[PDB]
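Listed next as structure tokens is one chain, alone, in the form deposited in one PDB entry.
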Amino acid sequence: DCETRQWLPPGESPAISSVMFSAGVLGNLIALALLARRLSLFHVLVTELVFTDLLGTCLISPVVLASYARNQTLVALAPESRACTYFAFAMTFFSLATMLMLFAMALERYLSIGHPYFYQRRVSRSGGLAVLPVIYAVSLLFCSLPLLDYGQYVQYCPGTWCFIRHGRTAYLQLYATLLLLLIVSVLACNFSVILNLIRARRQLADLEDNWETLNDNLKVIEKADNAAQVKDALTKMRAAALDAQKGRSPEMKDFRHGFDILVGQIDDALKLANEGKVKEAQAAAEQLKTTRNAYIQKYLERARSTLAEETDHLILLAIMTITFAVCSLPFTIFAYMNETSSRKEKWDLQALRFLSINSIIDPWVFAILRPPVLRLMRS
């Protein structure tokens, strides 16, 4: 009916488009301001994603506004439904590009955790800045299949917009398959990062327990006076020290060496105990503490903050992914269904609407996840 209709249906509510445009613009501006207040590669990718969403909104909304201003559909206001193609192209173009950006971020997280030494090397900002034009070109080349007799655009509308044709053209199925593959890849990367972060948390908890045992044994040595208790506490401290070095960075070449120095001193103290020197042994323990303050305290602090930031970013990404799923799963499901039925149940429209609200939901969630996010890190 949209293909034959060339006039705006009376009684259609035009406030929805204006509200969505205003909300998207406000969210994009807030996200850009918050990012300008702060760079890491993930933040640059988020900034590029917000900029892409802003460009998509600023290219999509004026067409819908002119459609209401002229009281005519896209086929009527523009000759040979040119806008009905162009708009649709835009409605697909960013819909892929931003999606790809998401994958990139996920891949970054993988390259952040899956390959630590690969990420430790110098990764200049030029790479992140060059990722955006490459993603744009790939998305344009992929969405350039229509208008070349390979794919067609029809009007699945309530009176304002156009989209891809479902039928003999196989571009819609390929686009849905690409979206599903990207979603599966992002989910797999997120689960891998989840498992790696759980392993890191377990290792950090084990190291903290070993450090607490070392401190307790040192306090016992300082408070004890009998040779048997001092020897038992020294044995427990040596066991706890050997149970901590079990977890090839340059700093990792000193930390391990620092433990070797510690254990060695512990052995010395044990020798003193076998010689019957109590006070001397205590002095040795003091030296132990000094070594701890010299070499081990720093590593633990670095491990804590790093992991923290990691988890933060992770949760961010995860939320984003959830959003993307809620926005693209309806569309992929429609693509696989039979066109007849797809119209009979009027499912396609809904999916499209979801896609649209995607441009609203992508930036705002960022402003939702403020730096005071430690509560969520508590889990």
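Rigid core here is just the name for the largest C-alpha set that superposes within 1.5 Å across the two forms. Numbers for residues come from their place in the sequence shown, where the first is 1.
Note that the form deposited in another entry isn't included here; everything after this is about it.
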Practice item. Superpose on the rigid core and name the single residue from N210, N190, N196, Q72 whose Cα moves by 2 angstroms or more between the shown form and the other one. Key: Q72
Practice item. Compare the position of the CA of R353 between the shown form and the other one after a rigid core fit and state whether the shift reaches 2 Å. Key: no
Point to revise | Rigid-core frame, C-alpha of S342, shift of 2 angstroms or more between the shown form and the other one | key: yes
